[PDB]
Amino acid sequence: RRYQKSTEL
Amino acid sequence: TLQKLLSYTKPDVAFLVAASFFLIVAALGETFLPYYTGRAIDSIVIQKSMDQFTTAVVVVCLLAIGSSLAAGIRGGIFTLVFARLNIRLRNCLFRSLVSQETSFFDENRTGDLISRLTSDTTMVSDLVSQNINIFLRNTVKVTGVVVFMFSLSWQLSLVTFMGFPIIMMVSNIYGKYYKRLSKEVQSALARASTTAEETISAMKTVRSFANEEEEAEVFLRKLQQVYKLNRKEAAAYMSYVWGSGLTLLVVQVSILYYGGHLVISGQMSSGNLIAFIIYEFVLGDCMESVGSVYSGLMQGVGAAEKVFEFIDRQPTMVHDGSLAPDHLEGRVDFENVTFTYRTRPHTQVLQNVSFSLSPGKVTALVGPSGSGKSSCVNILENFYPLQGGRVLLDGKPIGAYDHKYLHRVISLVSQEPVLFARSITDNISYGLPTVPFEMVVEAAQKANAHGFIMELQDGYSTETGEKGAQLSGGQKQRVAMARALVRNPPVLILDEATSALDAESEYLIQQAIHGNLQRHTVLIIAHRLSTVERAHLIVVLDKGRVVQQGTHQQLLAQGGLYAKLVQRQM
Amino acid sequence: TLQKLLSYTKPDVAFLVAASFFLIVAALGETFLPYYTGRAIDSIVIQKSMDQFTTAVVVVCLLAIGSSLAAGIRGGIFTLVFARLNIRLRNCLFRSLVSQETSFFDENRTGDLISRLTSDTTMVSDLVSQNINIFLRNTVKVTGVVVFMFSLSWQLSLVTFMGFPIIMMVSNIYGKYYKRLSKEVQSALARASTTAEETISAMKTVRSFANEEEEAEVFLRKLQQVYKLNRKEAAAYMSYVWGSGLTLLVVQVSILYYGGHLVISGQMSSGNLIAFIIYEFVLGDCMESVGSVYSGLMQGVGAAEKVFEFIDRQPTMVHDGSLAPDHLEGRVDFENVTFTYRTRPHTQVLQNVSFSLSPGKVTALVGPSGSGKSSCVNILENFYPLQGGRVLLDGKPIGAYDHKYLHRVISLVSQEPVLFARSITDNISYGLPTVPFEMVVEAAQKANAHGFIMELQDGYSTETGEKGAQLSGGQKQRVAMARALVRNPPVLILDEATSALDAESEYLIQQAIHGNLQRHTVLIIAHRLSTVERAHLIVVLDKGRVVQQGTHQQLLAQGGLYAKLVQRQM
Ligand SMILES: CC(C)CCC[C@@H](C)[C@H]1CC[C@H]2[C@@H]3CC=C4C[C@@H](OC(=O)CCC(=O)O)CC[C@]4(C)[C@H]3CC[C@]12C
Ligand SMILES: CC(C)CCC[C@@H](C)[C@H]1CC[C@H]2[C@@H]3CC=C4C[C@@H](OC(=O)CCC(=O)O)CC[C@]4(C)[C@H]3CC[C@]12C
Ligand SMILES: CC(C)CCC[C@@H](C)[C@H]1CC[C@H]2[C@@H]3CC=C4C[C@@H](OC(=O)CCC(=O)O)CC[C@]4(C)[C@H]3CC[C@]12C
C-alpha cells in the first residue's frame, strides 16, 4: 500500500 | 481571505486562459477516445471488414495525437506560470519584509521566518500550478464520463450509480476505523518513546542512582501494552480488506451478468458494453485521484494564509525625515530621556537622562554592568521610538535628517560583529558602493588589520569562505573597526565585548591618533575598565539615574561606586 | 552485515513462512484469473450458451475469493510481524544503549539518539514489513504473467519484447535530463535564497547601514537569473511528455493491428488476444510498482545499518565490584591523583592531588574558582577511570565495592537539579523500592519542604505536570536534597549553584543543624562565600593542584588567592 502518489503536472 | 491570492495572478491571465483552454481540449480528447475504441472493437468481433481501417485510424489520429499534444503544452505553460508566480511572490514578500521595525524581529524567531518564506512560497506555487490544475482536469473528465453514461444506457448507469456509493460508504467506514486504530498505536508508541527520551536526557543523574535496568523494565511494560493494543487493529485490517474485495467482486459480476442479459436480449451492441466497462474503470481511476489530491489541496490552502499576514503589515515609523547638510560640528546631546522596551512595558530601563557630547573630545560612560548600559547604542541608531525625552543632533532630532544620510554620518560597531559570506573587499564597504581600492587599503593600514590581511592565501581580495569561519575574535574586531572607518564618519561609536583579545595594540592606536587626532566625538561604552583611566568626560548611571560625572580625577575626588569597582577589578 | 538482520528475525520463522505461503497463493490466483476471463469472452464470442455462465462463475468465484482471502491473511500476518519486530528491536537497542559508559553520552549527541531510537527503527521495520512484501509479490506476478504470454503467442511476445525496452530507454534518458534540470533549478533557488537568509538573520547591522534596497535588487537579480533557466526546464518537460505519449501510442496500435491481422489469419482465437492485452496491462502495472519501490528499499537498507552500529557495542568499564558491608564509616581519601578528559588528553584538569576526609565532620572545598572542580565529584561518582594515583574508600578502592551498593551509600546533588514527569514522592523515593511515605514526610520536614508542598494543587500525591515547568529552582534544589535524605546516606555530596536565591536559612542549617548534627560526612562546594565561615577543613586548589589546607583561620595568614577571593566576593 503506497502512502502518496508521484509528482506530475 | 483569498482575494489577495486572486490579485497576485493578474499579470498572468493570458497564460491562465490559454492553459485552461488546452486543458479542456485534452479533456474532450481523452473522454472521446473509448467510445470510438469500442466501435472499432464491435467491428472486430461482429463485422470483420475494412471499416476497422477507418475506425482504427480515426481512433489513433485526432484523438491520441491531439490529447497528447494538448496535455504536453498544457503542462509546459503550467510550469512557466509556476516559475513566474514563485518569482513574483517571493520578491514581493521579501521586499515587504525587510521594511519593518526591529521590534518585529525581537518578537518573532528568525528561522521560522525563512522557513515560512521558502516553504510557503513553494507551497502556494504548487497550489496554483498542480493541484487546482489536476482537480479541474479530473472533474471535467468525470462529468464527460457520466454524460456518456446517461447517453448509452440509463439502465446500466442507474445500476452502477446505485452500486458505487455503497462501496464508497463501507470503504470510508472501515478505513476510518482502521486509521483511527493505527493512530492510537502510534500515540502509545510515542508515549513510551517520550518516557525513554526523558530518561536518556539527563541520564547521568540516573547513573547516580543505578536505576537503568528498571527503566528498561518499565519501557518493556509500555511496549507489552502496545503489543496487546496492536493485535486488534491487525484484525481490523483483515476485516477491511475482506469487505472491500468481496464488495467489488459482487458489484462487478452483477454488472457483467446484467450487461450480458441486455446484449443477448438485443438492446445494445457489444461494443457499447465494451466502452461502458472501459468508462467504469476510468471513472474509478479519476475518482480515486481527486479523492487523493483534495486533502493535499486543503493542506496547501491552509498553509497559504501564513504569508499574507506579513505581506502588508503596517510598519509603525517611517523614515519621513529628510535633511542632509554638507557637514556639521558633531554636537550631540541627551535630554531627559526615559526609554523602555516596547515588548515588556512594565520595566523602566531608562529615566530622565541628559548630557551633551563635546565636539572633539572622547565621551566615556560605563554602567554598573547590571543596569542600562547597551541601550544608548540603540537610541543613537533610531532603532526604536522613545518614551520620554527627545534626543537631538545639532538641535535637530533624528526624525529630521535623511535615514541614509544618518547612517552615512554615524557608524556603529557591535561586540559580536557579524560578517557576510563575501570577500574582504566586499565586506569592507558592505554599505557604501563606488569605493576606491586605495582608500580601503589606507584605512586598513590605519586599522592595523593589514598584517593578517596580506598573509592569507589570496591576501587582499580573499573571500570569507566556509561562511566566514576562517577568522578569529581580534581579527573580525579589526575588520569591523575598519568597516567603520572606511566611511570616514564625523561621529563614531565604539563598544566592544569583555574578551578584547587585542594586546593593547589597537588601544595604543586610537589613543595615538583615533582618540585625539581624529576630530570626532567618539563615544565609548567600555567594559573591563581598561579605558576609564584615559578619557575626556566620564559618566555612570543606573537605569537612568547618574551618580557621577566629570573627568576621572573628579571620579577620584569622589570614588563612590567608581573606585570601588576599579579596586575590585584589580 | 545483513545477517545481523537475519539474527533478529529468527524467533519469527513460523509467521514468516505462513506469510510467504499465503502471499504465494494470492499471487497465483491473481496471475491465473484473466486468462480464464479471456476464456469467458471466448465463450461470449462463440459458445453463447449455458456453458458460458457456468464456466464464468466457477472461475471468478473461486479465483477472486481465494485471492482476496489470501491477501487479507497476508496483510494481517505482516502487520503482526511488523509489530513484533519493532518491539524487539526497540527493547534490545534501548537496553544495550544505557549500559554504555558515560563518556559515550559525553561524546555522542542526544537528539540523534532519539532519532535512532524511534525513526530508523520504524524504518527498518517498514523494510521487512512492506518492501520485501510488495517486491516479492510483484516479482512472482511478473514471472507468472510473462510465462503465460510467452506460452500463448511467441510472435506478439517478441513484439512486446522489442517494444518495451524502447519505451523504458527513452523515458529513462529523458527523465534523467528532466530531473537534472529540475534539480539545477532547485539548487539555484537555494543558492539565491541563502543570501536573503544571511541578511534577515542578522539584520541589525544592515539596518545600521541601510542597504536593504540593494539586497532586494541583487535578490530579484538572482531570481531572474533562475527563471531564465526554468524556461528551458519547462520546454524539456514538454518534449518529454510528447515523446512518451507518442511512443507508447505507436507501439500499442502496432500491437493491436498485428493482433487483428493474426486473428483474421485464423490460427489465434479472440480470447488469446484478450488475454494478451489484459496481461500486458497488469505487467505494466507491476513494472510501475517495482520501479516505485526499489528506491525506497535502498533508502531503508541504508537506514538499517545504523542500529547495529551500537546494539552490539562493547562497554568500556567493568562493574565487577562487589563489596557491600552492613555499614561503613566513610574516610574517603585520595592518592596524588591526576586527570584529563578522554576527549583531549592534553587538556589537564587535575595534577597530583591527595587529601583525606574525616568521617562525621563537615568539610568544604573551593579551588581557583576557574577550574571545573566538579570533576572531583565526577571521580567520586565513578563516571570515568583515572590515569594516575588511585582513589579509595576506608582503605578499599572505590571500584571493588558493589556498584548498586556504592550508589546507595553516597548520595549527590547537582547544580541544576532535574526531575521527571512523575509524582513528587515518586521523584523523591526514586531509585529505591517502595519505602514508606512517612519518611518522605520526615524529609519534607528536614528539607523545610513540607510547607510549600501544601500550597500545591494536591500536596503529596500531586505530580509535576506541564513537562515539569511549574516550580522554582530553589524548591527544586530543596526537593533534590530531600531526595538525598530519604536514603539516609552516611556520606553526602552537596554543591549549591550560583543563584542560591532561597530563604538562605536552610543553608546555614545545612551547615549546622540539618545534616551536621548527625553522622553525615558532607563535602561542600560553593560560590556564595557565606559558607567559608562554618567550616572545618578548607582545601583550595588551582588547575588541579593543591595549594593550602587546614582551617580558614590559617588561610587568613595565607590570604594569597583566599583573601584575594574574599574581597572579590564583595
Ligand atoms: C487485493 C488488493 C487490495 C491488493 C492486490 C494488489 C493490487 C495493487 C491490485 C493490482 C491490480 C489489481 C487488480 C486489477 C484487476 C482486477 C480484476 C477484477 O476482476 C473482476 O472480475 C472485474 C471484471 C474483470 O476484470 O474481468 C478483480 C479485481 C482485480 C484483480 C484487481 C485486484 C487488486 C489488484 C490485483
Ligand atoms: C491505475 C490504472 C492504470 C488502472 C490499473 C489497472 C489496469 C492496468 C487494468 C486492470 C483491469 C484492466 C481492464 C480489464 C477490463 C478490460 C476490458 C477490455 O475490453 C476488451 O479488450 C474488449 C475486446 C477487444 O478489445 O477486442 C479493455 C481493457 C480493459 C478495460 C482492461 C484495461 C486495463 C485494466 C484497467
Ligand atoms: C489526461 C492526462 C494528461 C493525465 C491523466 C492521468 C494519465 C496519466 C492517465 C490516466 C488514464 C490514462 C489513459 C487511459 C486510456 C489509455 C488508452 C491507450 O490506448 C492505447 O494506445 C491502446 C489502445 C489503442 O490502440 O488505442 C493510450 C493511453 C491512454 C490514453 C492512457 C494515457 C494516460 C492516462 C490519461
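Sequence positions for chain C are given in Swiss-Prot numbering; the residues included correspond to 169-738, in order.
Any Cβ shown, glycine's included, is placed from N, Cα and C.
Sequence-distant contacts of the transmembrane segment (C:181-201), counting only residues of its own chain at least 6 positions beyond either end whose CB sits under 8 Å from a CB of the stretch, comprise 227-228, 231-232, 234-235, 238-239, 241-242, 245-246, 248-249, 252, 301, 304-305, 308-309, 312-313, 316, 450. Taken from Swiss-Prot, the feature transmembrane segment applies to C:181-201 (among others), supported by sequence analysis.
Taken from Swiss-Prot, the feature domain 'ABC transmembrane type-1' covers C:184-467.
Tertiary proximity for the transmembrane segment (C:221-241) is limited to same-chain residues at least six positions away from its ends with a CB under 8 Å from its CB atoms, namely 190-191, 193-194, 197-198, 200-201, 204-205, 207-208, 211. If you look up Swiss-Prot, you'll see C:221-241 (among others) marked as transmembrane segment.
The transmembrane segment feature in Swiss-Prot is assigned to C:315-335 (among others).
Under the heading transmembrane segment, Swiss-Prot lists C:412-432 (among others), citing sequence analysis as support.
Summarising the annotation, Swiss-Prot assigns domain 'ABC transporter' to C:500-736 and lists sequence analysis as the type of evidence.
According to DSSP, C:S539 (ATP binding site) is assigned to coil rather than to any helix or strand. Sequence-distant contacts of C:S539 (ATP binding site), defined as residues of its own chain at least six apart whose C-beta falls under 8 angstroms from its C-beta, comprise C:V517, C:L709, C:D710, C:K711, C:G712. Taken from Swiss-Prot, the feature ATP binding site covers C:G535, C:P536, C:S537, C:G538, C:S539, C:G540, C:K541, C:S542, and the record attributes it to sequence analysis.
Among the binding-site residues C:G535, C:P536, C:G538, C:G540, the residue whose Cβ has the fewest other Cβ atoms within 10 Å is C:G538.
Here C:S542 (ATP binding site) comes close to C:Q583, C:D663, C:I693: these same-chain residues lie at least six apart in sequence, with C-beta atoms under 8 angstroms from its C-beta. Residue environment of C:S537 (ATP binding site) contains 15 other Cβ atoms, counted within 10 Å of its Cβ in all protein chains.
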